[PDB]
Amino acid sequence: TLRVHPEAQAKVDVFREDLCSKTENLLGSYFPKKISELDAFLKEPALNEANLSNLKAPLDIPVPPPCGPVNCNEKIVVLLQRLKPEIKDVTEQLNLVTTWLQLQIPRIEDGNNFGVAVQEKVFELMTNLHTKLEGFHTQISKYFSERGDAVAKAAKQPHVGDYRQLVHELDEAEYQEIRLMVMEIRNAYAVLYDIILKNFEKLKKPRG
């Protein structure tokens, strides 16, 4: 009574073949294209600030309370405009390829499990990248949360000079993080492209 139904199997195989052809397009087109964009983006003068005093935004608070509008750091905001969709795309294609590799895992058997071990080793990297790239997503929300608290304390306590310095250091630290986050996203594409293309036969055909 309970068995594999060709009608259900056909509907799942439509998704399975669709997911495979997309993965081949990522290796064949999307991943090499992204490496060129991020290499080009790294060489731009936005991410290569010569002097760190350029990033210092106006923190107009009266020295010793009513306070005027303390704006966001303009140079960091326009970097986050480009970074956010790059974080979106890399997590999108990582999730797609992680799903593809899961559907290539064959029946659990007593032996002939080398190709299965190859899949597990490549899946180990995809899990580690997923942990790293989720960390990038949350830290941007944390930046505005921490800067807002530093600005709030600086306005309420004008006499305390460290709260003023904290806002500038959070800006400097965020700029330095965005540099590395762009590098890490490019490295993720390059390493994913590298590891899958080398092991593709054992990933696709784990038992021939």
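Numbering starts at 1 and follows the sequence shown.
Residues of the deposited sequence that sit between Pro65 and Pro64 yet are not modelled = Going from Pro64 to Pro65, the model skips 10 or more residues of the deposited sequence.
request  = Tell me which of 148-156 and 55-63 has the higher mean C-alpha B-factor in the deposited entry.
outcome  = Comparing averages over the C-alpha atoms only gives 55-63.
query = If you average the Cα B factors in the entry, which is higher, 188-196 or 11-19?
reply = The stretch with the larger average C-alpha B-factor is 11-19.
task = Name the residue from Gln119, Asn71, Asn113, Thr99 with the greatest C-alpha temperature factor listed in the entry.
result = That would be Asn71.
inquiry  = Using the temperature factors of the C-alpha atoms in this entry, rank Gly208 within its chain: lowest, middle or highest third.
reply    = For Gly208, the deposited C-alpha B-factor lands in the middle third.
task = Rank-wise, by C-alpha B-factor, drop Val182 into the lowest, middle or highest third of its chain.
result = It belongs to the lowest third of the chain when residues are ordered by C-alpha B-factor.
ask   = Once the chain's modelled residues are ordered by C-alpha B factor and cut into thirds, is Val167 in the lowest, middle or highest one?
value = Middle third, going by the recorded CA B-factors of the chain.
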